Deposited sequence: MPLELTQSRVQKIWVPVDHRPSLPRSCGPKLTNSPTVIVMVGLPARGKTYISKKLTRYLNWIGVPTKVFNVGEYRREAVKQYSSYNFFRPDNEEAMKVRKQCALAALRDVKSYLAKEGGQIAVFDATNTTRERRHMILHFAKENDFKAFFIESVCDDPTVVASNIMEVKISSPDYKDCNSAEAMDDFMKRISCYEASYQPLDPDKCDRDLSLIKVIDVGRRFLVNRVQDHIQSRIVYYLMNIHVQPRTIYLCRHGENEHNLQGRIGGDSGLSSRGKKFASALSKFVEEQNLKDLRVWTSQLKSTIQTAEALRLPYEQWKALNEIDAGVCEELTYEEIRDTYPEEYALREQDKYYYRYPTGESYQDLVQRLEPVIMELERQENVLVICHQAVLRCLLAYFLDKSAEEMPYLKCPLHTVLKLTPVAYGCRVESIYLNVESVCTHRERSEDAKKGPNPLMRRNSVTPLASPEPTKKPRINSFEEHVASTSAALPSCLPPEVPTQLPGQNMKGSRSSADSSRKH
């Protein structure tokens, strides 16, 4: 039972003594079907879910039928394009949906994609029967996500927040765009057949998000990924809030250029901790949850706030294994092969008896799920942990993630707006060393 440890990821694999003529061999993908009237947050759900799935390592892509339409029909004039009696535009819209499905097939069967989010109204049983036929013929699973809401306040808010600012309404003022969009919604209301898990859609795998996540109808969750999506949708919310992310104040290891360890705050780190308390106070937040790692430097930083805080072992810095408490110079001199391997593949590289950024993502997933549930949160953590969390909020790839700039004594203020996060950086005017290292 001869095994070898892969140099980058440190995975034990069978020793592969390929024969004279080495031969390469060259689970089922899922089509997530968005369902609902316009301004029901389908694009918001599509984008957020795709961001989460990609971050956890499930290759996911959104196919928005409206973008195929904006490409086929140069400029948008009015709701008249969406009229059920508009024979020509109805043909164009069908062609756009079919062209998106063609790209869904290519993504899942030929590009290594695992999940395709089909972002359209898909309000009629006919359209959904056609998507099911497409899924069955291509051996793709189908999972439906319907967003149902009758509240006019919610509809008006969605139009104001992200519809009026759509490329379709570039030449329009807020009032014209709102009026045109209401008429556009009305075009879909007559033919709209909601999902019926009771009789018609009984055998379909679906989630009905009712009244902006107040209630859920979950039918036939087949697998792990659908179960995860359902859990995610139940944990996220659209309530306004702020996420503050920062590292512990400068520590003794930072001064010596040493990685890992459990060293305490330097004199400057203690100054940052005081500066952070003043900053937090000036934010005047009704309630604020404070999260730290179990490492001393983040706890000492939180201690300066005089606020209750919760320690998470999942927030502990990346484990450097045998390289813990060493400087990067000592790593290069004692472990040159290891140093070069990491520089070449920073995301997947695992330290011996240690971790990779890939392991960090797996550890941080419960942190992300809890961050989603919460409102105002301050996370006091570490450089690699912060890059991973930031890659989730900022939709950064696995390749970009180990190189994100997360300086010491700097708060990253995250405000959820439109289809992602607005990021503000706040340097708290306390000197520190620089721990950022660019690629080679």
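Stretches of the deposited sequence lacking C-alpha coordinates, numbered from 1: 1 to 2, 29 to 32, 447 to 520.
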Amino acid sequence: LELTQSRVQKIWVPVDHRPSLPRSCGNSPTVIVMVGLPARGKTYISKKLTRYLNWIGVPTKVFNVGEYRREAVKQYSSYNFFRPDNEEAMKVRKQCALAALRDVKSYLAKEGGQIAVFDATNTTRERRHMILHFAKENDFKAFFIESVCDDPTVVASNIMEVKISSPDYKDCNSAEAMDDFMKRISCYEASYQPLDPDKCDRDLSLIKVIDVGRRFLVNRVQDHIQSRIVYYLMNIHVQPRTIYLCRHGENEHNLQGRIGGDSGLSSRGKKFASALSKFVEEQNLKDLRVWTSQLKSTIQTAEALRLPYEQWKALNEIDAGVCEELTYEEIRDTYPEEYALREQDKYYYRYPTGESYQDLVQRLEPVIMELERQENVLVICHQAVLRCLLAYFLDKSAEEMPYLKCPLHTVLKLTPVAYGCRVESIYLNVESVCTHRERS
From here on, numbers count along this sequence of modelled residues.
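Of the other compared PDB entries of this protein that include residues on both sides, all give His17 atoms, none of them, and so not a third, leaving it without. In the record comparison, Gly26 is unmodelled in at least a third of the other entries of this protein that model the residues flanking it. Look at the C-alpha B-factors of 6 to 14 and of 420 to 428. On average they run higher in 420 to 428. Higher mean CA B-factor, judged across 332 to 340 and 116 to 124 from the recorded values: 332 to 340.
Per the deposited coordinates, the residue with the largest Cα temperature factor out of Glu146, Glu303, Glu317, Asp180 is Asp180. Sorting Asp359, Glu250, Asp201, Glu370 by the CA temperature factor given in the entry leaves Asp201 at the top. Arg215: CA B factor lies in the middle third for its chain, per the PDB record.
Annotation for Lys47: CA B-factor lies in the middle third of the chain's modelled residues. In the deposited entry, the Cα temperature factor of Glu365 places it in the lowest third of its chain's modelled residues. In this PDB entry, the Cα temperature factor of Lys313 sits in the bottom third of its chain's modelled residues, the lowest group. Annotation for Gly261: CA B-factor lies in the lowest third of the chain's modelled residues.
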